[PDB]
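Consider the single chain below, provided in structure tokens and representing the form solved without this ligand.
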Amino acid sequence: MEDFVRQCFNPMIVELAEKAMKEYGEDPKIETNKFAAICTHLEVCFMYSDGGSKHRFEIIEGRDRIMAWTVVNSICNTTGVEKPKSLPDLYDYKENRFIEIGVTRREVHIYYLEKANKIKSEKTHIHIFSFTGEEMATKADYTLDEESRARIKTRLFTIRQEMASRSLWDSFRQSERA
């Protein structure tokens, strides 16, 4: 699983994931499923930001915390948008909203509810992907064109396929907590 992560995700993604774990005192060589899941989430965030026209999205996820909030608070000042209680993943300059992205090993509906709740913000839009082609967005507004979504869903499906080929999928699949 460690090896699969290091083989399947760009080294920038792996470095950020390693860092995010060690900031919580977790060792990526031991909590290897969390390692994969962080990497997957970052990957989808980055894919998603490429999905628009360029300049459509600002990436917030993946930044150190000071930079992330610097971006967030700059956008709130510029655009007048309500400042979130916790860091989201992207800002959409076309729809003028923050977006919270989730990638679930469970079911999109439950994950969406947990997110809606974990953040509970009237403002932030939420878009959840599963590894089996499901997707659940705020007000069924899916933000990107269907081709862009399909590339994301295809990447997640390929990851899941590649893990199951190494017998990693069962354990990974079962590792997400409510």
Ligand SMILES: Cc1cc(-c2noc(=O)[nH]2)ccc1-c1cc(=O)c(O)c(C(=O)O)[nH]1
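Each residue number is its position in the shown sequence, starting from 1.
Beyond the structure shown, there is the form solved in complex with this ligand, which is absent from this document and is the topic of what follows.
Although the partner is absent here, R97 is not a contact residue: none of its heavy atoms lies within 4.5 angstroms of this ligand in the deposited complex. The shortest heavy atom separation between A137 and this ligand in the deposited complex exceeds 4.5 Å. This ligand in the deposited complex comes within 4.5 Å of a heavy atom belonging to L87. For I38, a non-hydrogen atom is located within 4.5 Å of this ligand in the deposited complex, even though that partner is not displayed.
Interface residues of 122-151, taken as those with a heavy atom within 4.5 Å of this ligand in the deposited complex (partner not displayed), are absent.
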